[PDB]
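First up is the structure itself, then whatever we jot down about it.
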Amino acid sequence: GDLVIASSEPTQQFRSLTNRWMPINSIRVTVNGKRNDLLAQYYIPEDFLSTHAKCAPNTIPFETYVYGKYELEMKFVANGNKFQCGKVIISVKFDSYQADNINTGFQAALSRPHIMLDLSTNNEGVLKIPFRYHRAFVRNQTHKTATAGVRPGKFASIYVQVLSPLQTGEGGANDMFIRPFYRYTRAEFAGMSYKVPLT
Amino acid sequence: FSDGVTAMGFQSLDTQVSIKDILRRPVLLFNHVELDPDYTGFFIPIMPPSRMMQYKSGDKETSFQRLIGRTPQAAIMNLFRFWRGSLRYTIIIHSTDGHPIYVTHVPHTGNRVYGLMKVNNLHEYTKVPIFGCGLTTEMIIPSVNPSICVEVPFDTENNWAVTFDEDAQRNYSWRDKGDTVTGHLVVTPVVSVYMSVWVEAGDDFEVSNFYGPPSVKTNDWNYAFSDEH
Amino acid sequence: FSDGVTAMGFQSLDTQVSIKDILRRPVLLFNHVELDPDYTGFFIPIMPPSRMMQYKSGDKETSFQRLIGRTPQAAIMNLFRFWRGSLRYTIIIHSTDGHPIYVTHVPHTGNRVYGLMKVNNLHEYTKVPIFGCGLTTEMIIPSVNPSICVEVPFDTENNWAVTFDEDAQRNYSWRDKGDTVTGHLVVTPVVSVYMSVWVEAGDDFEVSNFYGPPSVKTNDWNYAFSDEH
Amino acid sequence: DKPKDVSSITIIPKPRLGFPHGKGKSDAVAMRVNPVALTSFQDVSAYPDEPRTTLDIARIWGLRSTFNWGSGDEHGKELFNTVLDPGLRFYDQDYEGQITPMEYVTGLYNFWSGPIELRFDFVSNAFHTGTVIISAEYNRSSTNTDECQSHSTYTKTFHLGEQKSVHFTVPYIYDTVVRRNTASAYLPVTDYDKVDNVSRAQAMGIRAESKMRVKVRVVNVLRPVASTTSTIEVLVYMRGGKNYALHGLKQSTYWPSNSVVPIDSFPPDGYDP
Amino acid sequence: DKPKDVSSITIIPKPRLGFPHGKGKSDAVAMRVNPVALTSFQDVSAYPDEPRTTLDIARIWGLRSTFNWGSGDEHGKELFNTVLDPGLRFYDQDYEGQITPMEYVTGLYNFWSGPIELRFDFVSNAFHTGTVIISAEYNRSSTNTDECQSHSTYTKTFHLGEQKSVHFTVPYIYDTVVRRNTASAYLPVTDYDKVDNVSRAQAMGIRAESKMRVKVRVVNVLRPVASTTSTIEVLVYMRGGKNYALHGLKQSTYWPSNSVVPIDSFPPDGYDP
Amino acid sequence: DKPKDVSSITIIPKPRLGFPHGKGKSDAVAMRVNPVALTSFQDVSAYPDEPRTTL
Amino acid sequence: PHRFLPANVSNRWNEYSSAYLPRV
């Protein structure tokens, strides 16, 4: 709707690059972790460009294009043993810029689109992230010549939070690991420019 | 166990569950605040009631009503960070005089102010009134009618207006700072006079981007007797 | 490259591009000016807002609003030197009294005046009022309604009225000098009282003789911060 | 011709039209070029998964409470015990935390009715085993040590094993068709004023405190294997039933307690560094 | 007979009808013999070639800028470089001159959108030869000495020869559907008041300055014959595209700077010599 | 377009409508969300053996 | 005097850092 108006020139997709699974950094869950504690959080796309999986081919189109619309899919894989137990919740907050420190509890996570991970069964969870932003496009990269009036590379936030603490048996493991994987289901890029390094 | 039968319609057909219906009934913003002709006018930032206008015991005294944050519709707007469409402002001038009081609409310019202000810090505005600059304006004539209801449009660049921030007084990227409003409504008198202001959602109005309930507190229990003395 | 798709209709259906629609919304002329019963009345020359009513820093102080020249419709009228049809004048009397204030229409007589004037320099006009001479007149009764909207006709000899001249104070051929107006509107009170006056184009109204944009100046940049502090 | 107009009617003049109402008629003047033009929702509009009513928000599951269940907990012991009133969490102390969606939204209304749904998620594994009994108790409450009193009410026994979750609809069984809210309709106290009996005597109303309770008791003692944990946490979710109803808009009992700062004039109020 | 009239209705009294609007309803009283008589446009009427809208005025070509192109200008050199913002010509200095039709009319609105058209007229003859590249650059701008950065954007290369003119549509590629005007909505300063930070702090808004630039670089160096001029002028025209849009009427940023004299009373004010 | 509205009528303003009467017309404003919503007598209503008039 | 956050918990842009998990 807004796509055709916001960009006079046509937008481009690179499915072969962007629509593949890419792992990001490992998450550690311990018995010390309490309910409502942030295990990890991601400002997207920023953190998938210039912190996590920086050498991924998914990031190649972001070098040249200045604008874009982005719909993502995030798979989470846990590996705790059968004598452990616990609950983790992953949720998404749309257009979170200067509103990360409010509506940021386990209760808010249960309200917003989310997935629930049991740490004993090792069930996989897939949360789908549409593009819900107050502008037509999100900016991909900051630059020295570009304005500082608009903060780029953030249309949403992902939170990984403890719902129920990890517990273990006598002489059992005091931690276990979760691995997130991401992919773009619909990444449309706009406004071609000279290639730059990401952040 | 049984799901039973709903009580909706039993007492009356006046259903009050619709979000839009709750947002369309008015909220007092300013209760008997002064208009002064030495200024450009009293600015009203075009945004719905929310946690942004909430009073906290100890902080600096503002012109705003203290119980805006505790209204139903403010509590609803704290759940939705996006809003699009028109708002309706009911303005009542405490007078019966024949002097015209002008209400001027300013579209989204990027600032966010409220109360009496001298635009560009001048000391004379009768020769250069904001209502006679070219912008859309409406007049109140208290002798005829001291009240008016004006509907302000969604004249902005953005798809949605941002309802609230985590910190309303934080100095961040200046263009993003102003995206919580869609413009201003400026009231200018002839002589010194008081006014009261209400706000509600228009017919053409939508909310989105559900955030869920925040962390809250209450002490209502303490200021009431129980049914057993 | 692609022509794309228009943004017209996306935000709202309230289109504001039509020239006639821009000219039909009001412009403040006089902001709280005195009516004095010692005079015949306050004259208003029947002509639209333009560069003719523009303030320049340094020149003599007039009763006119300073920002008339910077209104959208004034900027539009600076492009068209011909206009034909009716104008509409909204007059508000700052009073709630039962005294009638008369607004008399004078057709094109060849002069061009504004403000309070003693016609033929007499010192008494209550026995010989302009509103009771025979000309078309309407009364305002502030106790009932302090405002009125009156539509003045195109009662002139010429096909078109001249919008502007290069020099408004130049003493040239006297018949041609008066062709920038189509008549006058004269407000006469009983006792001393203030008024405010707006003007707009009528429904029956046309402009023509496109002149293109003139040489202009601006210093708007200087009185504003950028988005990077 | 100028013939006289003999038509007339008596009228009652009002300053505003439809001022109290949320719908009906309005006399609002549009600040537009076109007076009948409105905002377009052709492209940009509300998403279909978003809640349209307060009842839709009340149908969202929210984590109310948590409790522990261990192998040391003897049979008949109360693992959980609360007055389930959606008006207030406590009658005798202050609350501060993340209130559930249905409680938050119910705090905006003076009346509520219909069944309330609960869901008990046992944070366990396959090697945990035991039985509990959930009971809805009305009017008269049971003694802590008298399990039989709880068993005589509306109950559901859950055998914990491979399945680690159980749903429970709490019936609406009261003497009135609706229940009035235990919270206040209006409270002008903003600065934590030290209360006295005169303040309470001049309150908005009287709190009709609920005696309706939901309890969870041990049926069969938890007997997990030695290799796993001896104690597990149980998450108690809550939401309004499918025929949950709300009525009588009032002052919100709950209000934000975290990161509350009032707006200031930008940039006049010392934004320019 | 004189029977009672029982008909009545509630009303909300307003002083003016359709005061803010440019169209709809009006309660205007005609100062005429016949109250429904209007001006005749049977013979005398608006000519068909005259512009009917502000967008029609924006579709008129106007000379924006000029620049020189010589045989000394090495390859990659910026012949032309500007921020193409129809709101303001400069952000950091005063303007005085003949502003284009589309800029003049855009100065009346708070918002603009759609493509902008350019036309480059080379004031040359058949014996002038060379090549330039026109580039539209968004968000990120190129270095003056780095031609490659300009080449990576939306470009059109023009081979100057027998044809001495080239058209260029500048695409609309931004993060918002419309852009707000960099000029002020309202400015009460009339007497060139010496500005301070307090004046700027109490402004109407904040100027969202554009970083979108149009540049012209040398591809092949100009190589004219010895018999003709070594340097030529290039005229840069500008107008709104076919889908150029404007919205949100405001105070005009531009105002007449030449031959401005306010009206006086004729003949009372010393016209009789 | 913005054409003038020439329609008008003479009126006699009264503060209340049907103030003395027990029936007829009323200008009462409902303190409700819906301005035309009324109390339901679907289940709870007056019993048939109850007197309807003073007679 | 809370016009900007302290530099320990912030990313240049004067907001809470993604690294600083203890903000909650």
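We name chains A, B, ... following the order of the structure tokens; residues begin at 1 in each chain, and ligands are numbered from 1 as shown.
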Pull the closest atom pair for each residue of chain E that gets at most 9 Å from chain D, along with the distance in Å to one decimal, counting only C-alpha atoms, ordering rows by chain and then ascending residue number, as a Markdown table.
| residue | atom | partner | partner_atom | distance |
| --- | --- | --- | --- | --- |
| E:5 | CA | D:9 | CA | 7.2 |
| E:6 | CA | D:10 | CA | 7.8 |
| E:7 | CA | D:9 | CA | 6.2 |
| E:8 | CA | D:10 | CA | 4.9 |
| E:9 | CA | D:11 | CA | 5.0 |
| E:10 | CA | D:12 | CA | 4.7 |
| E:11 | CA | D:13 | CA | 4.9 |
| E:12 | CA | D:14 | CA | 5.2 |
| E:13 | CA | D:15 | CA | 7.0 |
| E:18 | CA | D:35 | CA | 7.7 |
| E:20 | CA | D:31 | CA | 6.4 |
| E:21 | CA | D:33 | CA | 4.8 |
| E:22 | CA | D:33 | CA | 5.0 |
| E:23 | CA | D:34 | CA | 5.8 |
| E:24 | CA | D:35 | CA | 6.4 |
| E:25 | CA | D:35 | CA | 8.8 |
| E:197 | CA | D:272 | CA | 7.8 |
| E:198 | CA | D:268 | CA | 7.1 |
| E:199 | CA | D:268 | CA | 8.8 |
| E:200 | CA | D:268 | CA | 8.4 |
| E:201 | CA | D:268 | CA | 4.6 |
| E:202 | CA | D:268 | CA | 5.3 |
| E:203 | CA | D:267 | CA | 8.2 |
| E:205 | CA | D:267 | CA | 8.8 |
| E:206 | CA | D:267 | CA | 8.9 |
Near chain D, meaning an atom within 9 Å, which residues of chain C appear when counting only C-alpha atoms? Write them as a ChimeraX atom specification. /C:9-16,21-22,25,229
How would chain E read as a compact mmCIF listing (two decimals) with C-alpha atoms, in the first residue's frame after a least-squares superposition onto chain D over every Cα atom, matched in order?
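Result saved to result-v4.txt:
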# COMPACT_ATOMS: atom_id res chain seq x y z
CA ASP E 1 -41.95 39.47 -3.77
CA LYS E 2 -41.06 39.35 -0.04
CA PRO E 3 -43.81 37.23 1.64
CA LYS E 4 -43.72 36.65 5.43
CA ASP E 5 -42.52 33.30 6.88
CA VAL E 6 -45.15 32.11 9.42
CA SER E 7 -43.35 28.78 10.19
CA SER E 8 -41.93 28.49 13.74
CA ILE E 9 -41.17 25.95 16.51
CA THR E 10 -40.24 25.90 20.23
CA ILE E 11 -36.64 24.77 20.99
CA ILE E 12 -34.52 23.90 24.06
CA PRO E 13 -30.92 25.23 23.59
CA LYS E 14 -27.98 23.05 24.79
CA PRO E 15 -24.26 24.07 24.65
CA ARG E 16 -22.90 20.64 23.53
CA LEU E 17 -24.49 17.66 21.71
CA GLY E 18 -23.62 14.08 22.78
CA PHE E 19 -21.00 15.25 25.30
CA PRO E 20 -21.43 12.32 27.80
CA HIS E 21 -21.88 9.57 25.15
CA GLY E 22 -19.26 7.41 23.39
CA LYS E 23 -21.51 7.09 20.30
CA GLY E 24 -24.61 8.62 18.63
CA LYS E 25 -24.53 12.25 17.38
CA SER E 26 -21.78 14.92 17.45
CA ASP E 27 -21.64 18.65 16.55
CA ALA E 28 -17.84 18.61 16.02
CA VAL E 29 -16.40 21.08 13.46
CA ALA E 30 -13.61 19.65 11.24
CA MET E 31 -10.42 21.78 11.03
CA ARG E 32 -10.09 20.96 7.30
CA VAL E 33 -10.54 22.51 3.83
CA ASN E 34 -13.39 20.03 3.13
CA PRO E 35 -15.75 19.88 6.19
CA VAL E 36 -16.89 16.24 5.50
CA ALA E 37 -13.40 14.83 4.68
CA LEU E 38 -12.05 12.10 7.02
CA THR E 39 -8.83 10.10 7.63
CA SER E 40 -8.20 7.27 5.13
CA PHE E 41 -7.70 3.70 6.46
CA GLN E 42 -7.28 2.18 2.97
CA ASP E 43 -3.64 1.02 3.38
CA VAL E 44 -2.79 1.78 7.05
CA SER E 45 -5.40 0.24 9.40
CA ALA E 46 -5.78 -1.82 12.62
CA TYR E 47 -4.37 -5.37 12.35
CA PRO E 48 -6.93 -8.25 12.56
CA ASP E 49 -5.26 -10.03 15.55
CA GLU E 50 -5.53 -6.84 17.71
CA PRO E 51 -8.22 -6.79 20.48
CA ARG E 52 -11.37 -4.77 19.55
CA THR E 53 -13.09 -4.80 23.00
CA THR E 54 -12.12 -4.85 26.71
CA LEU E 55 -13.55 -8.42 26.82
CA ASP E 56 -11.02 -9.46 24.09
CA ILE E 57 -8.18 -8.20 26.37
CA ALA E 58 -9.76 -10.12 29.31
CA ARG E 59 -9.59 -13.33 27.15
CA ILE E 60 -5.73 -13.11 27.10
CA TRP E 61 -4.03 -15.57 29.51
CA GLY E 62 -1.94 -13.85 32.23
CA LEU E 63 0.29 -15.29 34.98
CA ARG E 64 -1.53 -14.48 38.26
CA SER E 65 0.44 -16.42 40.92
CA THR E 66 3.01 -19.18 41.52
CA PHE E 67 3.51 -21.81 44.27
CA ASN E 68 5.89 -24.70 45.09
CA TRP E 69 4.93 -28.39 45.44
CA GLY E 70 7.46 -30.74 47.13
CA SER E 71 7.76 -34.37 48.28
CA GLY E 72 7.62 -33.12 51.92
CA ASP E 73 4.07 -31.72 51.45
CA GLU E 74 1.78 -34.24 53.26
CA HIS E 75 -1.71 -35.13 51.92
CA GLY E 76 -4.52 -32.57 52.45
CA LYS E 77 -2.04 -29.64 52.72
CA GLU E 78 -2.99 -26.35 51.01
CA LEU E 79 -0.42 -25.75 48.23
CA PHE E 80 -2.49 -22.76 47.01
CA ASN E 81 -5.25 -20.69 48.70
CA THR E 82 -6.59 -17.27 47.59
CA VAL E 83 -9.74 -15.17 47.39
CA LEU E 84 -10.31 -15.03 43.61
CA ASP E 85 -11.72 -11.50 43.21
CA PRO E 86 -10.82 -9.75 39.88
CA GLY E 87 -11.43 -6.35 41.57
CA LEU E 88 -8.51 -6.51 44.05
CA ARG E 89 -5.59 -8.92 44.68
CA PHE E 90 -5.39 -7.91 48.40
CA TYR E 91 -7.85 -6.20 50.80
CA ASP E 92 -5.33 -5.77 53.68
CA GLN E 93 -2.05 -4.66 51.95
CA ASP E 94 -0.62 -2.71 48.98
CA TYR E 95 0.02 -4.46 45.63
CA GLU E 96 2.96 -3.75 43.29
CA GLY E 97 3.81 -5.92 40.25
CA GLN E 98 2.63 -7.13 36.83
CA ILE E 99 -1.18 -7.49 37.11
CA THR E 100 -2.92 -9.84 34.61
CA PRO E 101 -4.76 -8.43 31.52
CA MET E 102 -8.24 -9.38 32.84
CA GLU E 103 -7.53 -7.79 36.28
CA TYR E 104 -6.12 -4.59 34.68
CA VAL E 105 -9.17 -4.18 32.41
CA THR E 106 -11.68 -5.22 35.17
CA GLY E 107 -10.15 -2.37 37.28
CA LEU E 108 -11.79 0.10 34.82
CA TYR E 109 -15.34 -1.15 35.63
CA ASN E 110 -17.62 -1.01 38.70
CA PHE E 111 -19.32 -4.37 37.87
CA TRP E 112 -18.18 -7.81 36.61
CA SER E 113 -19.83 -11.23 36.05
CA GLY E 114 -19.50 -14.64 34.32
CA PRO E 115 -17.05 -17.57 34.89
CA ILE E 116 -13.27 -17.08 35.35
CA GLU E 117 -10.81 -19.54 33.73
CA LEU E 118 -7.61 -20.84 35.39
CA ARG E 119 -4.70 -22.88 33.97
CA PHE E 120 -2.12 -24.68 36.16
CA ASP E 121 1.25 -25.28 34.41
CA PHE E 122 3.49 -27.69 36.36
CA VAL E 123 7.18 -26.88 35.68
CA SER E 124 8.28 -30.54 35.84
CA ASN E 125 9.48 -33.53 33.73
CA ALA E 126 8.19 -37.09 33.06
CA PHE E 127 9.86 -38.45 36.27
CA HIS E 128 7.67 -36.21 38.53
CA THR E 129 4.41 -37.89 39.70
CA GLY E 130 1.59 -36.95 42.12
CA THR E 131 -2.06 -35.84 42.38
CA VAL E 132 -3.70 -32.53 43.43
CA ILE E 133 -7.36 -31.43 43.72
CA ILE E 134 -8.52 -27.94 42.64
CA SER E 135 -11.67 -26.68 44.46
CA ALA E 136 -13.98 -23.65 44.00
CA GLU E 137 -15.53 -22.72 47.39
CA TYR E 138 -18.42 -20.20 47.72
CA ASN E 139 -20.00 -18.33 50.70
CA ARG E 140 -18.52 -20.70 53.35
CA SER E 141 -14.73 -21.39 53.42
CA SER E 142 -12.88 -24.54 54.59
CA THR E 143 -10.39 -24.95 57.47
CA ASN E 144 -6.70 -25.28 56.40
CA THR E 145 -6.40 -28.75 58.04
CA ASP E 146 -9.88 -30.01 56.92
CA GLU E 147 -9.43 -31.31 53.33
CA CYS E 148 -12.93 -32.94 53.46
CA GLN E 149 -14.59 -29.46 53.53
CA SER E 150 -12.79 -28.57 50.23
CA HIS E 151 -13.76 -31.97 48.69
CA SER E 152 -17.50 -31.27 49.27
CA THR E 153 -17.48 -28.28 46.81
CA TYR E 154 -16.92 -28.01 43.00
CA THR E 155 -13.65 -29.89 42.40
CA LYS E 156 -11.32 -31.26 39.68
CA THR E 157 -8.63 -33.86 40.54
CA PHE E 158 -5.51 -33.80 38.28
CA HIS E 159 -3.12 -36.79 37.96
CA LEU E 160 0.32 -35.24 37.21
CA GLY E 161 2.47 -37.37 34.88
CA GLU E 162 3.17 -37.11 31.12
CA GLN E 163 0.64 -34.23 30.92
CA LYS E 164 2.02 -31.19 32.84
CA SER E 165 -0.96 -28.78 32.49
CA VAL E 166 -4.67 -28.69 33.51
CA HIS E 167 -7.49 -26.21 32.71
CA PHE E 168 -10.16 -25.20 35.28
CA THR E 169 -13.30 -23.09 34.70
CA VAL E 170 -14.35 -21.43 38.01
CA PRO E 171 -18.21 -21.29 37.99
CA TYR E 172 -20.10 -18.04 38.70
CA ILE E 173 -22.34 -18.94 41.69
CA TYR E 174 -23.55 -15.82 43.58
CA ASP E 175 -26.79 -14.32 44.97
CA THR E 176 -26.62 -11.41 42.43
CA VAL E 177 -26.49 -11.45 38.59
CA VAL E 178 -23.35 -9.23 38.75
CA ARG E 179 -20.80 -8.38 41.49
CA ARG E 180 -19.73 -4.78 42.22
CA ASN E 181 -15.98 -3.99 42.26
CA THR E 182 -14.13 -3.98 45.62
CA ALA E 183 -11.93 -1.08 44.37
CA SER E 184 -13.10 2.56 44.60
CA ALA E 185 -15.10 4.39 41.89
CA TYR E 186 -13.19 7.65 42.62
CA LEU E 187 -10.12 8.35 44.82
CA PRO E 188 -8.79 11.97 44.94
CA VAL E 189 -5.83 11.00 47.21
CA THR E 190 -2.65 11.42 45.07
CA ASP E 191 0.15 12.19 47.63
CA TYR E 192 -0.06 9.08 49.92
CA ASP E 193 -2.09 10.95 52.58
CA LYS E 194 -2.07 9.32 56.06
CA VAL E 195 -5.62 7.90 56.34
CA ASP E 196 -7.96 8.23 59.37
CA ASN E 197 -11.51 7.01 60.15
CA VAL E 198 -13.01 10.38 59.01
CA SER E 199 -11.41 9.84 55.54
CA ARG E 200 -12.87 6.29 55.38
CA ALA E 201 -16.27 7.57 56.66
CA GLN E 202 -16.32 10.06 53.72
CA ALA E 203 -15.33 7.44 51.09
CA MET E 204 -17.07 6.90 47.72
CA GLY E 205 -18.55 3.55 48.86
CA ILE E 206 -18.20 0.41 51.02
CA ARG E 207 -15.98 -2.52 49.92
CA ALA E 208 -18.12 -5.68 49.54
CA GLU E 209 -15.23 -8.14 50.09
CA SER E 210 -15.56 -11.57 48.41
CA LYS E 211 -15.38 -14.82 50.44
CA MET E 212 -15.20 -16.98 47.25
CA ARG E 213 -11.92 -18.96 47.31
CA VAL E 214 -9.96 -21.29 44.99
CA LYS E 215 -7.66 -23.83 46.71
CA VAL E 216 -5.23 -26.58 45.61
CA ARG E 217 -4.59 -29.49 48.03
CA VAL E 218 -2.30 -32.56 47.90
CA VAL E 219 -4.20 -35.81 47.12
CA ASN E 220 -1.19 -38.11 46.54
CA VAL E 221 2.19 -36.86 47.83
CA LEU E 222 4.74 -35.91 45.13
CA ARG E 223 7.14 -38.88 44.68
CA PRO E 224 9.84 -37.97 42.09
CA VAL E 225 12.94 -40.10 41.35
CA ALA E 226 16.19 -39.39 43.26
CA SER E 227 17.89 -38.24 40.00
CA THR E 228 15.49 -35.22 39.58
CA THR E 229 14.43 -32.24 41.77
CA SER E 230 12.28 -32.96 44.86
CA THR E 231 10.34 -29.62 44.53
CA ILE E 232 8.68 -28.05 41.43
CA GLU E 233 7.08 -24.64 40.73
CA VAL E 234 3.44 -24.41 39.53
CA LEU E 235 2.41 -21.39 37.39
CA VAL E 236 -1.23 -20.24 37.85
CA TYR E 237 -2.62 -18.40 34.79
CA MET E 238 -5.98 -16.55 34.79
CA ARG E 239 -8.38 -14.98 32.26
CA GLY E 240 -12.08 -14.13 31.83
CA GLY E 241 -14.46 -16.85 30.59
CA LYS E 242 -16.14 -16.82 27.16
CA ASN E 243 -19.22 -15.16 28.80
CA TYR E 244 -17.19 -12.75 31.01
CA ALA E 245 -18.97 -9.36 31.30
CA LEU E 246 -17.98 -5.85 32.46
CA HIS E 247 -20.07 -2.68 33.07
CA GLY E 248 -19.96 0.78 34.71
CA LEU E 249 -16.81 2.73 33.72
CA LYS E 250 -14.93 4.23 36.71
CA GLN E 251 -11.51 5.53 37.82
CA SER E 252 -8.81 2.88 37.17
CA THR E 253 -7.74 1.16 40.42
CA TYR E 254 -4.28 0.39 38.92
CA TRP E 255 -1.83 2.98 37.47
CA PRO E 256 1.83 2.81 36.23
CA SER E 257 4.40 2.58 39.10
CA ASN E 258 7.62 2.42 36.98
CA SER E 259 9.29 5.14 34.85
CA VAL E 260 6.56 7.81 35.27
CA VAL E 261 7.74 11.29 34.17
CA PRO E 262 5.35 14.15 33.15
CA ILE E 263 5.79 15.94 29.77
CA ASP E 264 7.58 19.32 29.45
CA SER E 265 7.84 21.98 26.70
CA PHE E 266 10.27 20.79 23.96
CA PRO E 267 12.56 22.54 23.24
CA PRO E 268 11.93 25.61 25.57
CA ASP E 269 12.52 23.70 28.88
CA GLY E 270 16.35 23.39 28.71
CA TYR E 271 16.64 20.90 25.81
CA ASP E 272 19.25 23.08 24.00
CA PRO E 273 22.52 21.97 25.73
Residue 86 (chain A) environment, 8 Å, only C-alpha atoms, sequence neighbours closer than 6 positions dropped, as a ChimeraX atom specification: /A:118-120,163-167 /D:123-124
Now that the selection is made, can you save its residues with N, CA and C atoms as a PDB file, in the first residue's frame?
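Resulting contents of selection_20.pdb:
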ATOM      1  N   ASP A 118       9.936 -25.212  27.070  1.00  0.00           N
ATOM      2  CA  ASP A 118      10.169 -26.082  28.217  1.00  0.00           C
ATOM      3  C   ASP A 118      11.589 -26.652  28.094  1.00  0.00           C
ATOM      4  N   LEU A 119      12.362 -26.552  29.182  1.00  0.00           N
ATOM      5  CA  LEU A 119      13.807 -26.807  29.169  1.00  0.00           C
ATOM      6  C   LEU A 119      14.123 -28.301  29.356  1.00  0.00           C
ATOM      7  N   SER A 120      13.114 -29.125  29.679  1.00  0.00           N
ATOM      8  CA  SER A 120      13.280 -30.576  29.859  1.00  0.00           C
ATOM      9  C   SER A 120      12.905 -31.343  28.580  1.00  0.00           C
ATOM     10  N   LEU A 163      10.735 -17.496  32.587  1.00  0.00           N
ATOM     11  CA  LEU A 163       9.349 -17.575  33.049  1.00  0.00           C
ATOM     12  C   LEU A 163       9.297 -18.337  34.380  1.00  0.00           C
ATOM     13  N   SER A 164      10.000 -19.476  34.436  1.00  0.00           N
ATOM     14  CA  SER A 164      10.233 -20.239  35.661  1.00  0.00           C
ATOM     15  C   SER A 164      11.703 -20.655  35.717  1.00  0.00           C
ATOM     16  N   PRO A 165      12.442 -20.363  36.818  1.00  0.00           N
ATOM     17  CA  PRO A 165      13.862 -20.717  36.925  1.00  0.00           C
ATOM     18  C   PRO A 165      14.224 -22.172  36.585  1.00  0.00           C
ATOM     19  N   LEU A 166      15.438 -22.361  36.053  1.00  0.00           N
ATOM     20  CA  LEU A 166      16.012 -23.682  35.799  1.00  0.00           C
ATOM     21  C   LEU A 166      16.276 -24.373  37.144  1.00  0.00           C
ATOM     22  N   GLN A 167      15.867 -25.644  37.244  1.00  0.00           N
ATOM     23  CA  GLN A 167      16.132 -26.501  38.401  1.00  0.00           C
ATOM     24  C   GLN A 167      16.771 -27.805  37.909  1.00  0.00           C
TER      25      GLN A 167
ATOM     26  N   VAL D 123       5.827 -26.985  36.223  1.00  0.00           N
ATOM     27  CA  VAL D 123       7.182 -26.884  35.681  1.00  0.00           C
ATOM     28  C   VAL D 123       7.967 -28.110  36.170  1.00  0.00           C
ATOM     29  N   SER D 124       7.794 -29.222  35.446  1.00  0.00           N
ATOM     30  CA  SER D 124       8.280 -30.543  35.839  1.00  0.00           C
ATOM     31  C   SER D 124       8.766 -31.309  34.599  1.00  0.00           C
TER      32      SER D 124
END
Among region 4-229 of chain B, which residues carry a DSSP assignment of alpha helix (DSSP H), reported as number ranges by chain? B: 19-23, 72-77, 174-177
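Distance criterion 7 Å to chain A, applied with only C-alpha atoms, yields residues 18, 21 and 24 of chain G on chain G.
Residue nearest residue 26 (chain B), chosen from B:60, B:79, B:91, B:42 and counting only C-alpha atoms: B:91.
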Could you pull out the residues in chain F that DSSP calls strand (DSSP E) from the backbone, as an MDAnalysis selection string? chainID F and resid 10:13
Write the residues you've just listed into a file as a PDB file, in the first residue's frame, and include N, CA and C atoms for each of them.
ATOM      1  N   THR F  10     -38.349  31.312  12.304  1.00  0.00           N
ATOM      2  CA  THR F  10     -38.525  31.955  13.607  1.00  0.00           C
ATOM      3  C   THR F  10     -38.812  30.874  14.656  1.00  0.00           C
ATOM      4  N   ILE F  11     -38.227  31.036  15.851  1.00  0.00           N
ATOM      5  CA  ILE F  11     -38.309  30.050  16.941  1.00  0.00           C
ATOM      6  C   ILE F  11     -38.588  30.776  18.264  1.00  0.00           C
ATOM      7  N   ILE F  12     -39.197  30.046  19.207  1.00  0.00           N
ATOM      8  CA  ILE F  12     -39.477  30.509  20.566  1.00  0.00           C
ATOM      9  C   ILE F  12     -38.693  29.612  21.523  1.00  0.00           C
ATOM     10  N   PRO F  13     -37.596  30.102  22.151  1.00  0.00           N
ATOM     11  CA  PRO F  13     -36.750  29.260  22.998  1.00  0.00           C
ATOM     12  C   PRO F  13     -37.313  29.036  24.411  1.00  0.00           C
TER      13      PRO F  13
END
Give me, as a VMD selection string, the residues of chain C touching chain B, with the criterion being at most 9 Å (counting only C-alpha atoms). chain C and resid 11 to 12 25 to 32 63 to 73 92 to 97 142 to 147 195 to 196 198 223 to 224 226 to 229
Can you check which parts of chain A lie within 6 Å of chain E? Per residue, the shortest pair of atoms and distance in Å to one decimal, counting only C-alpha atoms, sorted by chain and number, as CSV.
residue,atom,partner,partner_atom,distance
A:6,CA,E:177,CA,4.6
A:7,CA,E:173,CA,4.4
A:8,CA,E:172,CA,4.9
A:135,CA,E:176,CA,5.4
A:136,CA,E:176,CA,5.2
A:137,CA,E:175,CA,4.5
A:145,CA,E:140,CA,5.7
A:146,CA,E:140,CA,5.0
A:192,CA,E:153,CA,5.7
A:193,CA,E:153,CA,4.7
A:194,CA,E:152,CA,4.8
